[PDB]
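Below is one structure, written out as structure tokens; the observations come after it.
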2 protein chains.
Amino acid sequence: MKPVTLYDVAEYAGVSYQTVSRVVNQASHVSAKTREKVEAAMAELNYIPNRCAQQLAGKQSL
Amino acid sequence: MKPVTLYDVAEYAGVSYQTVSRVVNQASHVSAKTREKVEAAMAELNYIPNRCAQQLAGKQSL
DNA sequence: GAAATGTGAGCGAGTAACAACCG
DNA sequence: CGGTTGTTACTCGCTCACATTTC
């Protein structure tokens, strides 16, 4: 099982690898068109957000 | 803070970040004195290995 | 000037490589 | 002769911070 990443989703959606990250946490300062693109791309690739790295970026709230 | 970073340990022990992991690796070119120095910070600071970080660092643990 | 997206760096830890250095 | 230490960054997978962009 290949661990999908936001890079896969963003590339497929046609956006920056960050755009997919903003929807998973808040989604402030984003256009609906960009958001739908992001969400549909993550479902098609069956990408699962890796929480290990999510908290790694400066959180660790578990 | 109990779960400190290896950088935190490296500093306390008075060594490099390279030798700090070496002690844990318990296989590299690690001198006896070196491990004693490092393990001191480990206990004093209570180094806790982050499964998420260790795995993200290139260790396919998940 | 502010929304929005892209560019970029940082986080945590592990590992890799050669060369100098003292024992 | 050689065991050993080191710097420094890469790299994961992510997310925030900022720079740019444009109206």
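As shown in the structure tokens, the chain order sets the letters A, B, ...; within each chain, residues go from 1, and ligands are also counted from 1 in the order they appear.
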Exercise for review: Restrict the distance test to only C-alpha atoms (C1' of nucleotides), flag each residue of chain C within 10 Å of chain B, and return the flagged residues as an MDAnalysis selection string.
Suggested key: chainID C and resid 11:16
Next, dump the selected residues to file, keeping only N, CA and C atoms (P, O5', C5', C4', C3', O3' and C1' of nucleotides), as a compact mmCIF listing (two decimals), in the first residue's frame.
```txt
# COMPACT_ATOMS: atom_id res chain seq x y z
P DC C 11 12.52 24.60 13.49
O5' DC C 11 11.57 23.56 14.23
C5' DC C 11 10.15 23.62 14.06
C4' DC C 11 9.57 22.24 13.94
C3' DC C 11 10.42 21.12 14.55
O3' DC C 11 9.60 20.14 15.19
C1' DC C 11 9.96 20.58 12.35
P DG C 12 9.86 19.77 16.74
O5' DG C 12 10.49 18.30 16.69
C5' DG C 12 9.65 17.15 16.74
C4' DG C 12 10.43 15.93 16.30
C3' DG C 12 11.81 15.73 16.92
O3' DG C 12 12.04 14.34 17.17
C1' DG C 12 12.03 15.72 14.61
P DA C 13 13.19 13.88 18.19
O5' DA C 13 13.66 12.47 17.62
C5' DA C 13 12.80 11.70 16.77
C4' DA C 13 13.56 11.24 15.55
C3' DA C 13 15.04 10.94 15.78
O3' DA C 13 15.44 9.80 15.01
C1' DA C 13 14.85 12.43 14.04
P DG C 14 16.48 8.74 15.63
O5' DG C 14 16.35 7.48 14.67
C5' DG C 14 15.49 7.49 13.53
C4' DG C 14 16.30 7.56 12.26
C3' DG C 14 17.79 7.21 12.40
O3' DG C 14 18.24 6.48 11.26
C1' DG C 14 17.61 9.29 11.41
P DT C 15 19.54 5.54 11.39
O5' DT C 15 19.94 5.28 9.87
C5' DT C 15 19.17 5.85 8.81
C4' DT C 15 20.05 6.65 7.89
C3' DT C 15 21.54 6.30 7.97
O3' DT C 15 22.13 6.34 6.67
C1' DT C 15 21.30 8.57 8.28
P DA C 16 23.15 5.19 6.22
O5' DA C 16 23.62 5.67 4.77
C5' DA C 16 22.94 6.73 4.10
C4' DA C 16 23.91 7.86 3.80
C3' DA C 16 25.39 7.47 3.79
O3' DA C 16 26.08 8.15 2.74
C1' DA C 16 25.10 9.24 5.24
```
Mind fitting chain A to chain B by least squares on all Cα atoms in order and giving back the moved coordinates as a PDB file with C-alpha atoms, in the first residue's frame?
```
ATOM      1  CA  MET A   1       5.082  18.553  28.794  1.00  0.00           C
ATOM      2  CA  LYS A   2       7.945  19.731  26.588  1.00  0.00           C
ATOM      3  CA  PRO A   3       8.805  17.131  23.929  1.00  0.00           C
ATOM      4  CA  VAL A   4      12.531  16.606  24.512  1.00  0.00           C
ATOM      5  CA  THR A   5      14.706  15.967  21.490  1.00  0.00           C
ATOM      6  CA  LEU A   6      18.102  14.556  20.588  1.00  0.00           C
ATOM      7  CA  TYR A   7      19.232  18.163  20.334  1.00  0.00           C
ATOM      8  CA  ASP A   8      18.672  18.540  24.053  1.00  0.00           C
ATOM      9  CA  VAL A   9      20.562  15.348  24.832  1.00  0.00           C
ATOM     10  CA  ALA A  10      23.459  16.018  22.459  1.00  0.00           C
ATOM     11  CA  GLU A  11      23.879  19.621  23.624  1.00  0.00           C
ATOM     12  CA  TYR A  12      23.874  18.552  27.282  1.00  0.00           C
ATOM     13  CA  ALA A  13      26.227  15.620  26.647  1.00  0.00           C
ATOM     14  CA  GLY A  14      28.603  17.854  24.692  1.00  0.00           C
ATOM     15  CA  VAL A  15      28.412  15.974  21.399  1.00  0.00           C
ATOM     16  CA  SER A  16      26.863  16.274  17.963  1.00  0.00           C
ATOM     17  CA  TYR A  17      23.097  15.769  17.612  1.00  0.00           C
ATOM     18  CA  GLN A  18      23.933  12.643  15.562  1.00  0.00           C
ATOM     19  CA  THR A  19      26.018  10.831  18.174  1.00  0.00           C
ATOM     20  CA  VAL A  20      22.812  10.255  20.212  1.00  0.00           C
ATOM     21  CA  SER A  21      21.016   8.973  17.120  1.00  0.00           C
ATOM     22  CA  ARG A  22      23.617   6.315  16.376  1.00  0.00           C
ATOM     23  CA  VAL A  23      23.222   4.725  19.793  1.00  0.00           C
ATOM     24  CA  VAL A  24      19.466   4.409  19.453  1.00  0.00           C
ATOM     25  CA  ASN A  25      19.658   2.409  16.200  1.00  0.00           C
ATOM     26  CA  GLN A  26      22.972   0.565  15.960  1.00  0.00           C
ATOM     27  CA  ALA A  27      25.974   2.170  17.696  1.00  0.00           C
ATOM     28  CA  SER A  28      28.598   1.109  15.178  1.00  0.00           C
ATOM     29  CA  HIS A  29      31.723   3.282  14.778  1.00  0.00           C
ATOM     30  CA  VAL A  30      31.461   4.875  18.228  1.00  0.00           C
ATOM     31  CA  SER A  31      33.696   5.167  21.295  1.00  0.00           C
ATOM     32  CA  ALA A  32      32.535   3.977  24.736  1.00  0.00           C
ATOM     33  CA  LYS A  33      33.271   7.388  26.286  1.00  0.00           C
ATOM     34  CA  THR A  34      31.047   9.124  23.745  1.00  0.00           C
ATOM     35  CA  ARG A  35      28.329   6.515  24.201  1.00  0.00           C
ATOM     36  CA  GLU A  36      28.124   6.710  28.010  1.00  0.00           C
ATOM     37  CA  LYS A  37      27.997  10.504  27.745  1.00  0.00           C
ATOM     38  CA  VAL A  38      25.090  10.157  25.362  1.00  0.00           C
ATOM     39  CA  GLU A  39      23.119   7.669  27.493  1.00  0.00           C
ATOM     40  CA  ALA A  40      23.533   9.535  30.802  1.00  0.00           C
ATOM     41  CA  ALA A  41      22.428  12.783  29.127  1.00  0.00           C
ATOM     42  CA  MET A  42      19.224  11.259  27.785  1.00  0.00           C
ATOM     43  CA  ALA A  43      18.209   9.881  31.173  1.00  0.00           C
ATOM     44  CA  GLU A  44      18.837  13.129  33.100  1.00  0.00           C
ATOM     45  CA  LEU A  45      16.717  15.148  30.652  1.00  0.00           C
ATOM     46  CA  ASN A  46      14.174  12.287  30.613  1.00  0.00           C
ATOM     47  CA  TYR A  47      14.144  12.355  26.826  1.00  0.00           C
ATOM     48  CA  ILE A  48      11.843   9.973  24.978  1.00  0.00           C
ATOM     49  CA  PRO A  49      12.832   9.063  21.367  1.00  0.00           C
ATOM     50  CA  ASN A  50      10.193  10.296  18.926  1.00  0.00           C
ATOM     51  CA  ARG A  51       9.553   7.296  16.704  1.00  0.00           C
ATOM     52  CA  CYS A  52       7.297   9.386  14.429  1.00  0.00           C
ATOM     53  CA  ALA A  53      10.344  11.180  13.044  1.00  0.00           C
ATOM     54  CA  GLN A  54      12.454   8.002  13.266  1.00  0.00           C
ATOM     55  CA  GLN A  55      10.446   6.355  10.528  1.00  0.00           C
ATOM     56  CA  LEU A  56       9.972   9.664   8.718  1.00  0.00           C
ATOM     57  CA  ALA A  57      13.658   9.747   7.753  1.00  0.00           C
ATOM     58  CA  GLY A  58      12.953   6.990   5.206  1.00  0.00           C
ATOM     59  CA  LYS A  59      11.442   3.912   6.830  1.00  0.00           C
ATOM     60  CA  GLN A  60       7.823   3.856   8.121  1.00  0.00           C
ATOM     61  CA  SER A  61       8.197   0.307   9.415  1.00  0.00           C
ATOM     62  CA  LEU A  62       5.258   0.034  11.803  1.00  0.00           C
TER      63      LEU A  62
END
```
### Message
Taking only C-alpha atoms (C1' of nucleotides) into account, find every residue of chain D that has an atom no more than 12 Å from chain B, and write it out as an MDAnalysis selection string.
### Response
chainID D and resid 2:8 10:14
